[PDB]
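**Student:** Give me coordinates for this.
(6 chains, ligands or ions: 12)
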Protein chains: 6
Amino acid sequence: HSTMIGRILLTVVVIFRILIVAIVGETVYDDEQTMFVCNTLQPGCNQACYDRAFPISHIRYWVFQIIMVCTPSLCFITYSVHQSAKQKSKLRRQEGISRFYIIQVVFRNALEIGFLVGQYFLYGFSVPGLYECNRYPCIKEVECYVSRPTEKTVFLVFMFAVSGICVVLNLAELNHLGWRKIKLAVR
Amino acid sequence: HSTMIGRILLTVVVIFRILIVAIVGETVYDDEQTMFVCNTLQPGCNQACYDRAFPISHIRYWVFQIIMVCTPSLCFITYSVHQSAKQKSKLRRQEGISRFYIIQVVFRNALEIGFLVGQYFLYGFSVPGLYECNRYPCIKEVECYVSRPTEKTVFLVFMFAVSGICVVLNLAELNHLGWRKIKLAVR
Amino acid sequence: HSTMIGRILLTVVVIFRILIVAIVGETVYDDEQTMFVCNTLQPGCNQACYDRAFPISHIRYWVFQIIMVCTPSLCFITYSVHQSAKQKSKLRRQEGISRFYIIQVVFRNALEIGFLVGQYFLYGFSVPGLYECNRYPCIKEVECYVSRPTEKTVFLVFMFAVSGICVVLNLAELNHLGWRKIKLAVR
Amino acid sequence: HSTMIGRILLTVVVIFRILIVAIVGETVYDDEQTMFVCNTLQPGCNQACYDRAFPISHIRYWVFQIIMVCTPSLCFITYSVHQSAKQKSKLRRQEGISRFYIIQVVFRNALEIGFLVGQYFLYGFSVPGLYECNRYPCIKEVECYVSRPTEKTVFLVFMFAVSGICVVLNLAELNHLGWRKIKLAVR
Amino acid sequence: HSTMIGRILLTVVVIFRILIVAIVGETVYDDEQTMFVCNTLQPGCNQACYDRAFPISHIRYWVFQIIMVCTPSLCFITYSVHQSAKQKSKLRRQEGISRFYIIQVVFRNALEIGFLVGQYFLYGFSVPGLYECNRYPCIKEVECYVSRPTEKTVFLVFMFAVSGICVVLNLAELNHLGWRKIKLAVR
Amino acid sequence: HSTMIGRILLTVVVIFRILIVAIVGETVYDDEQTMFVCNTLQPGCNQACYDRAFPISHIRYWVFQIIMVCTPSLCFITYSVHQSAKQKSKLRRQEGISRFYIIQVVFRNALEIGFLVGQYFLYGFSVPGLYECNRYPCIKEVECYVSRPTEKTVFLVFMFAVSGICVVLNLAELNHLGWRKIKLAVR
Ligand SMILES: CC(C)CCC[C@@H](C)[C@H]1CC[C@H]2[C@@H]3CC=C4C[C@@H](OC(=O)CCC(=O)O)CC[C@]4(C)[C@H]3CC[C@]12C
Ligand SMILES: CC(C)CCC[C@@H](C)[C@H]1CC[C@H]2[C@@H]3CC=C4C[C@@H](OC(=O)CCC(=O)O)CC[C@]4(C)[C@H]3CC[C@]12C
Ligand SMILES: CC(C)CCC[C@@H](C)[C@H]1CC[C@H]2[C@@H]3CC=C4C[C@@H](OC(=O)CCC(=O)O)CC[C@]4(C)[C@H]3CC[C@]12C
Ligand SMILES: CC(C)CCC[C@@H](C)[C@H]1CC[C@H]2[C@@H]3CC=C4C[C@@H](OC(=O)CCC(=O)O)CC[C@]4(C)[C@H]3CC[C@]12C
Ligand SMILES: CC(C)CCC[C@@H](C)[C@H]1CC[C@H]2[C@@H]3CC=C4C[C@@H](OC(=O)CCC(=O)O)CC[C@]4(C)[C@H]3CC[C@]12C
Ligand SMILES: CC(C)CCC[C@@H](C)[C@H]1CC[C@H]2[C@@H]3CC=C4C[C@@H](OC(=O)CCC(=O)O)CC[C@]4(C)[C@H]3CC[C@]12C
Ligand SMILES: CCCCCCCCCCCCO[C@@H]1O[C@H](CO)[C@@H](O[C@H]2O[C@H](CO)[C@@H](O)[C@H](O)[C@H]2O)[C@H](O)[C@H]1O
Ligand SMILES: CCCCCCCCCCCCO[C@@H]1O[C@H](CO)[C@@H](O[C@H]2O[C@H](CO)[C@@H](O)[C@H](O)[C@H]2O)[C@H](O)[C@H]1O
Ligand SMILES: CCCCCCCCCCCCO[C@@H]1O[C@H](CO)[C@@H](O[C@H]2O[C@H](CO)[C@@H](O)[C@H](O)[C@H]2O)[C@H](O)[C@H]1O
Ligand SMILES: CCCCCCCCCCCCO[C@@H]1O[C@H](CO)[C@@H](O[C@H]2O[C@H](CO)[C@@H](O)[C@H](O)[C@H]2O)[C@H](O)[C@H]1O
Ligand SMILES: CCCCCCCCCCCCO[C@@H]1O[C@H](CO)[C@@H](O[C@H]2O[C@H](CO)[C@@H](O)[C@H](O)[C@H]2O)[C@H](O)[C@H]1O
Ligand SMILES: CCCCCCCCCCCCO[C@@H]1O[C@H](CO)[C@@H](O[C@H]2O[C@H](CO)[C@@H](O)[C@H](O)[C@H]2O)[C@H](O)[C@H]1O
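**Tutor:** Residues are numbered from 1 along each chain as shown, chains lettered A, B, ... in the order given. Ligands and ions are numbered 1, 2, ... in the order given. What follows is the structure:
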């Protein structure tokens, strides 16, 4: 019950997060590297420490996740276009399209779960403003400073909450589908 | 009475504020971090003080509020599209759409009130040109300077006035709806 | 007489000024703050003096005026769309639309007059290349220098001339309307 | 004779110059102020000398000329739209449109001549790489250096040649019109 | 078997990689040259070492490969447009179009193989964070440092994996075509 | 024979080169002036040497050539639009259009040959990474260094190869036309 409104809410949340990231994410991380001050005098002790502290920026991971999530929708649209171009057998084709969509949404749920787990394990919750690094160029351990940690961690928490809401909606959709539909999709 | 003209005025104000922010807000806060001068010599005493003075910039909050306000309209549009795709029962569907729109506008009023309260409590009215900060990197209290405070506080006051006008229009719409419509929406 | 050609000329002037500002204004004021040199050594004596000399930049005022001027046109378009969606009474509706447009153009003339008066009182005619400032951060009076004053004052004079031409055209339209139409709009 | 092909060539040249300027002009003058080196030590001796050497940049004048030239075409299009909306009298209206277009093209030729004369008198042909300036901030005469003079003067010469070609085409069109058409337009 | 779904998946992968690169590649390599620190004091020892370490950036090669891959599709579209404009002979024309498409896809597979081999031989897998260079401007061997190596090598590995998947799909399509179709295309 | 496929290939090559330049050329030459290091201490010895080494950048010449090449196509399109608006005489008009197109393609071949000769004579093949300059501001001969020479010369070689391919295709088209068509176009 209430499946269509749930799908509508999920689409609204997807559009909301896509617009929010495409508007704000570029500006926050536009000059992250430039605003890096570290207590050191050895040349090259700054770039190595910045790479160690932030190997992959959060914006790249978010963009990658958003682009990867939309691929089943794109392939479904292409398959529907091909089916329309091609045209008792119609009912069989409709059933095949339905089971294809079911498998697509299951794969989308799996991808969302994997992306959420990876984001949780990689970045975490809070962004440390102060970092301690010791690589080959730096003779001893040095203390570097990060710029704007509060905004980064707040936006990361918001992204995690949005991903959790999407996961909950996807689980609700899977529960609406149910064991019989899962078994039918398997066979 | 005069409900349609009030809704037209509200839409005009929304378009006005959206265009104004999308035109001017990026340029004002484009290089806020760069134009930061503080009386200190300790490395890292500038970024921490800037983060303390401005944890979240006003432009991010305004963009977030604008994007959040438009979500009920987007979900209503999607629901209308779904209803059109699906098509005595028509009258019942129209009544359901009407009560859905009523609940949507009530939620929009609540969200606007919450956003206005948060903006008032977080930023306030005036932006202090001079700041005094004392964090761990800075040994003692230091005096930092902010660039272009007058423009920031003027634009913040204008945004507050626009939000107040929108709140007044929303309250007028709720009064036009009235207790009977609220009770019907509840049940 | 010659009312339609006057309105056409006014629209042409509006499009001309909008295109001119949207093309040139961003580049002139793109790096105004960076090109600021002042004879001082006290930290923070530059930002405060720049804020004192230029509290609100001319481009922001021009953009605000242009956006505010177009609001009656937008509300008229929305009202016309609503009237078209809704559809002896037709003649009454047409008369109401005509008087609404008359009131709208009167309000537009008033807004243009107010904006012109504010621009004249705030900025003036010439931009002083050399400024003398004495605020709290600066111990004594200091002499700061402004970059590209000639272009700024020339473009300000051109904007003032365009606003004057628009005001003259609006006054001509009001004279064409006349006392009888004003009295009819009042009642 | 060969009037239509001449008008086609004029339109092609206008599109060519518009595309060329809109593509290249922004990049050449993007950082003209930054690449300014002058043999001086007095603060403020650089901005004043740059303003004296280049009061108005060539790109602003070219953009202003291009925008001003297109205004008669825009007003003619608006008048044609109004005439279409409004609809022996048709022949009179067509004759009025023809004489209006004749007056418009005469005004366009006059504006082009004035703009060409102003460009010739203001900028000239060659851009001096070395400048000598002596204003109030600079105690004595100082020698400043300009960046990329050859490209600026080459593009200025090309713009002058394009303007001359346009003037020649406009004069050919005026000769095709002739004394009888000029007299008819006058009365 | 499963040829159409394979082509759909290949198109989806192409769109995915195109969007991913067009979104992320510009920002990563936006300021690669600026963030270059090398242990040297001789002027010109930095630019030569940067050129030696990175003669051609990865983004240029990826853009070139993507643009080159799409050329057979563009020429096929143009040929189809010409055939549509031009219109037992229809069957012969369809067979000619089919064999033209077969030759086009064979050429596309060859181009993809060549581009993959070139990318593997030129860049490799890992980006060395530390480089040792000795050119004419630098008296002796000097040690330069690269900024953000981990992101560059991760994205390069992802691009290599995407190219491998595309190559596998193209080989599957060629196997579906088969020896008989290859022989028919040859003659 | 094979004229239509040759024209299709020429159009494909034109689109390919236009897309390639519009994508990559801006980024390569975005900050050429900034990354200029020369062994000198006299102020103004850098800008003059940079102007001497690179009077006109390659990107400007390429953009100018591309824009100039497309002008006959634009004028042909405008002439076709005029002919369509205007409408035994039809056959004569078609023959006139054909001979006009022949003259247009001959002029395009001549322009391409001239542009190729100019590019070969001006820039050459290789970009010298090291330059020796001696102008008035510099007391003696000084050694300046160029940034990213390998990419510039590689892209220049690619542009030369593309221009050569276009010239070969144009010569093939002219050979297909032949002496009889040339004589008919002359008279
Ligand atoms: C659809 C519903 C289920 C969404 C619920 C969202 C939660 C997954 C999010 C929302 C707010 C989050 C919390 C916001 C703030 C914090 C404080 C934060 O504390 C620190 O960063 C310091 C201590 C530490 O290192 O853990 C730990 C995570 C936590 C509890 C977060 C855990 C995850 C929460 C509960
Ligand atoms: C639809 C209608 C009801 C909109 C009305 C808008 C008001 C909510 C705004 C418009 C102008 C605002 C005022 C503009 C200027 C100031 C001065 C300002 O003073 C300071 O910043 C220094 C003193 C202090 O710290 O409070 C205090 C807020 C106040 C009164 C503002 C309070 C809120 C006002 C009345
Ligand atoms: C439709 C018609 C009526 C438009 C007419 C436009 C005028 C309103 C503008 C056009 C040119 C302007 C003038 C251009 C130059 C100057 C010099 C300027 O002198 C200075 O800046 C130094 C002296 C001082 O401080 O006043 C004073 C304003 C004035 C006369 C301007 C006054 C306003 C003028 C007449
Ligand atoms: C449609 C036809 C008539 C267009 C013809 C274009 C001319 C108006 C242009 C094209 C090339 C120009 C010439 C190109 C180069 C120079 C050298 C230039 O010499 C200098 O800059 C140094 C000497 C000085 O200070 O005059 C003087 C202008 C001149 C002759 C230019 C004069 C104007 C010319 C002839
Ligand atoms: C459609 C299927 C067949 C795609 C398979 C993709 C492979 C071509 C890619 C995916 C992951 C890649 C591997 C990811 C990581 C590494 C570690 C890497 O190690 C180093 O960089 C250090 C040692 C060295 O210098 O080789 C060597 C390449 C390798 C094995 C890569 C080899 C190529 C792999 C297997
Ligand atoms: C449609 C077909 C005919 C296109 C053929 C393209 C040629 C016009 C291009 C492609 C590769 C080019 C060559 C690539 C590399 C070089 C090395 C280059 O050597 C140097 O830069 C150092 C020596 C010197 O100063 O000449 C001289 C030009 C040359 C032979 C180029 C000459 C022109 C070539 C043959
Ligand atoms: C699509 C699916 C993708 C799956 C992705 C799986 C990625 C797995 C990454 C394994 C990384 C192991 O290395 C891991 O590094 C991270 C961050 O660098 C460390 O993380 C630590 O520092 C970061 C900040 O730097 C803190 O936010 C975090 O709370 C803390 O645990 C982990 O303690 C360590 O375990
Ligand atoms: C969508 C709904 C969102 C609800 C949002 C609720 C946000 C609540 C934030 C609680 C913050 C508590 O911390 C609060 O910090 C702000 C600004 O940092 C302080 O604010 C103080 O400094 C700021 C500038 O920095 C001044 O403009 C302000 O007038 C002054 O009160 C408050 O004195 C303090 O109470
Ligand atoms: C939509 C309607 C808006 C109405 C706007 C009304 C704005 C009123 C602003 C009142 C400002 C009072 O402060 C006013 O500051 C301006 C500029 O800062 C001063 O202006 C002075 O300096 C400026 C440059 O800085 C010169 O160009 C000007 O000629 C000179 O008078 C005035 O002498 C002073 O009176
Ligand atoms: C739409 C029509 C517009 C009409 C525009 C009329 C503008 C008239 C400007 C009058 C300017 C008088 O001041 C004029 O300055 C210019 C450039 O600043 C000087 O010009 C001098 O220097 C410039 C470079 O700086 C050289 O390129 C030029 O060859 C040389 O003559 C003139 O010698 C002087 O006469
Ligand atoms: C469309 C088809 C294009 C075909 C392209 C063919 C390009 C062939 C390039 C030949 C280059 C020979 O020079 C080649 O330089 C590369 C990188 O510069 C060196 O590569 C070496 O350094 C790079 C980084 O700099 C490492 O990532 C790599 O693992 C290592 O081998 C090779 O050891 C050397 O053989
Ligand atoms: C549309 C048609 C356009 C026709 C264009 C005709 C342009 C003619 C330019 C004549 C220039 C004469 O000056 C010419 O300068 C170039 C480059 O500046 C010199 O060129 C020299 O240096 C350049 C780099 O700077 C090398 O790449 C080149 O191999 C070498 O010959 C020539 O040796 C000299 O002859």
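
**Student:** what comes up buried for the helix or strand residue A:151 falls within?
**Tutor:** Using DSSP states H and E, residue A:151 sits in helix A:149-186. Buried positions in helix A:149-186, judged by neighbour count with 16 or more other C-beta atoms under 10 Å in any protein chain shown: A:149, A:151-153, A:155-156, A:159-160, A:162-163, A:166, A:169-170, A:172-173, A:177, A:185. Every C-beta, even on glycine, is put in place using the N, C-alpha and C of the backbone.

**Student:** And for stretch A:47-55?
**Tutor:** By 16+ other C-beta under 10 Å, the buried positions in stretch A:47-55 come out as A:47, A:48, A:49, A:50, A:51, A:53, A:54.

**Student:** and that stretch, how far from the chain's centre?
**Tutor:** A distance of 22 Å separates the C-alpha centroid of stretch A:47-55 from that of its chain, computed with C-alpha atoms, centre = their mean, to the nearest Å.

**Student:** quick one: that stretch near chain B?
**Tutor:** No - no part of stretch A:47-55 sits near chain B under the criterion C-beta under 8 Å from any C-beta of the partner chain; the closest distance found is 12.9 Å.

**Student:** Show me the residue at the heart of chain A, geometrically.
**Tutor:** Here the mean C-alpha position of chain A is nearest to the C-alpha of residue A:65 (C-alpha atoms, centre = their mean), at a distance of 3.3 Å.

**Student:** so that residue sits in a strand?
**Tutor:** No - Residue A:65: not assigned to a strand; according to DSSP: H, G, I helix; E, B strand; the rest coil it is helix.

**Student:** That one touches residue A:123, doesn't it?
**Tutor:** No - between residue A:65 and residue A:123 there is no contact, the gap being 12.0 Å when judged by C-beta atoms under 8 Å.

**Student:** Among the buried residues of stretch A:47-55, which one sits closest to chain E?
**Tutor:** For chain E, the closest of the buried residues of stretch A:47-55 turns out to be residue A:47, at 4.6 Å, with distances computed as C-beta to the nearest C-beta.

**Student:** Next, count neighbours for the residue nearest to the closest one when sequence neighbours are not counted.
**Tutor:** By the measure of C-beta to C-beta, 6 or more residues apart in numbering or on different chains, the closest residue to residue A:47 outside its immediate chain neighbours is residue E:147, 4.6 Å from it. Taking other C-beta atoms under 10 Å in any protein chain shown as the neighbour definition, residue E:147 ends up with a count of 21.

**Student:** helices or strands next to the helix or strand hosting residue A:18 in the packing?
**Tutor:** Counting by DSSP H and E, the secondary-structure element that holds residue A:18 is helix A:3-28. Packed against helix A:3-28 by the contact rule (3 or more C-beta pairs under 8 Å, 6 or more residues apart in numbering or on different chains; DSSP states H and E) you find helix A:58-69, helix A:149-186, helix B:58-69, helix B:71-86.

**Student:** and the second one with helix B:58-69, angle?
**Tutor:** Spelled out, that is helix A:149-186. Between helix A:149-186 and helix B:58-69, the angle formed by their directions is 30 degrees, by axes from the mean of the first three to the mean of the last three C-alpha atoms, to 10 degrees.

**Student:** Report all helices and strands that helix A:149-186 contacts.
**Tutor:** The helices and strands touching helix A:149-186, judged by 3+ C-beta pairs under 8 Å, 6+ apart, are helix A:3-28, helix A:58-69, helix A:89-122.

**Student:** between those, which gets nearest to residue C:22?
**Tutor:** Residue C:22 sits nearest to helix A:3-28 of all the helices and strands packed on helix A:149-186, at 20.9 Å, using C-beta to C-beta.

**Student:** Against which helices or strands is the helix or strand just after the closest one packed?
**Tutor:** On the C-terminal side of helix A:3-28, the nearest following helix or strand under DSSP H and E is strand A:37-38. Where contact means 3+ C-beta pairs under 8 Å, 6+ apart, strand A:37-38 is packed against helix A:45-53, strand A:142-145.

**Student:** Mind doing that once more with 10 Å?
**Tutor:** Using 3 or more C-beta pairs under 10 Å, 6 or more residues apart in numbering or on different chains; DSSP states H and E, the elements in contact with strand A:37-38 are helix A:45-53, strand A:142-145, helix B:45-53.

**Student:** Just give the closest residue to whichever residue of chain A sits closest to chain E, not the sequence neighbours.
**Tutor:** For chain A, the residue positioned closest to chain E under C-beta to the nearest C-beta is residue A:44, at a distance of 3.8 Å. For residue A:44, ignoring the flanking residues on the chain, the nearest one in space by C-beta to C-beta, 6+ apart is residue E:145 at 3.8 Å.

**Student:** what's the spacing between residue A:40 and chain B?
**Tutor:** Taken as C-beta to the nearest C-beta, to the nearest Å, the spacing of residue A:40 relative to chain B amounts to 9 Å.

**Student:** If we ignore the residues flanking it in sequence, what's nearest that residue?
**Tutor:** Counting by C-beta to C-beta, 6+ apart, residue A:40 lies nearest to residue A:142, which is 4.7 Å off, once chain neighbours are set aside.

**Student:** List the beta-bridge partners for that neighbour.
**Tutor:** Taking DSSP bridges, one finds residue A:133 as the beta-bridge partners of residue A:142.

**Student:** would a markdown table of the helices and strands packed on strand A:37-38 with distance to ligand 11 be doable?
**Tutor:** Shown next, in a markdown table, are the helices and strands packed on strand A:37-38 (distance: least, C-beta to the nearest ligand atom, whole Å):
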| stretch | distance to ligand 11 |
| --- | --- |
| helix A:45-53 | 17 |
| strand A:142-145 | 28 |
| helix B:45-53 | 34 |
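
**Student:** Select, out of the ones you listed, the one closest to residue E:80.
**Tutor:** Ranking those by distance to residue E:80, with C-beta to C-beta as the measure, places helix A:45-53 first at 49.1 Å.

**Student:** What is the closest one packed up against?
**Tutor:** Packed next to helix A:45-53, using 3+ C-beta pairs under 10 Å, 6+ apart, are strand A:37-38, strand A:130-133, strand A:142-145, strand E:37-38, strand E:142-145, helix E:149-186.

**Student:** Let me know whether the last one sits next to ligand 11.
**Tutor:** Think helix E:149-186. No - judged by C-beta under 6 Å from any ligand atom, helix E:149-186 makes no contact with ligand 11; its nearest approach is 9.0 Å.

**Student:** list the contacts for the residue of chain A found nearest ligand 8?
**Tutor:** Closest to ligand 8 within chain A is residue A:150: 10.4 Å, counting by C-beta to the nearest ligand atom. With contact set as C-beta atoms under 10 Å, 6 or more residues apart in numbering or on different chains, residue A:150 has these partners: A:126, A:127, A:129, B:51, B:52, B:54, B:55, B:56.

**Student:** Residue A:166 is in contact with residue A:69, isn't it?
**Tutor:** Yes - Residue A:166 is in contact with residue A:69 according to C-beta atoms under 10 Å; the separation is 8.6 Å.

**Student:** shared neighbours, these two?
**Tutor:** In contact with both residue A:166 and residue A:69: A:14, A:108, A:112, A:115, using C-beta under 10 Å, 6+ apart.

**Student:** What's the separation between residue A:101 and ligand 4?
**Tutor:** In this view, residue A:101 and ligand 4 are 66 Å apart by C-beta to the nearest ligand atom, to the nearest Å.

**Student:** looking at it, that residue is touching residue A:173, isn't it?
**Tutor:** No - Residue A:101 is not in contact with residue A:173 according to C-beta under 10 Å; the separation is 11.1 Å.

**Student:** Residue A:60 contacts residue E:152, doesn't it?
**Tutor:** No - taking contact to mean C-beta under 10 Å, the distance of 11.7 Å between residue A:60 and residue E:152 leaves them out of contact.

**Student:** Between these two, which contacts overlap?
**Tutor:** In contact with both residue A:60 and residue E:152: residue E:28, using C-beta under 10 Å, 6+ apart.

**Student:** Assess the claim that residue A:102 and residue A:176 are in contact.
**Tutor:** No - in this structure residue A:102 lies outside contact range of residue A:176 using C-beta under 10 Å: 11.0 Å.

**Student:** tell me the residue furthest from the middle of chain A?
**Tutor:** Distance from the C-alpha centroid of chain A peaks at residue A:88, with 41.3 Å (C-alpha atoms, centre = their mean).
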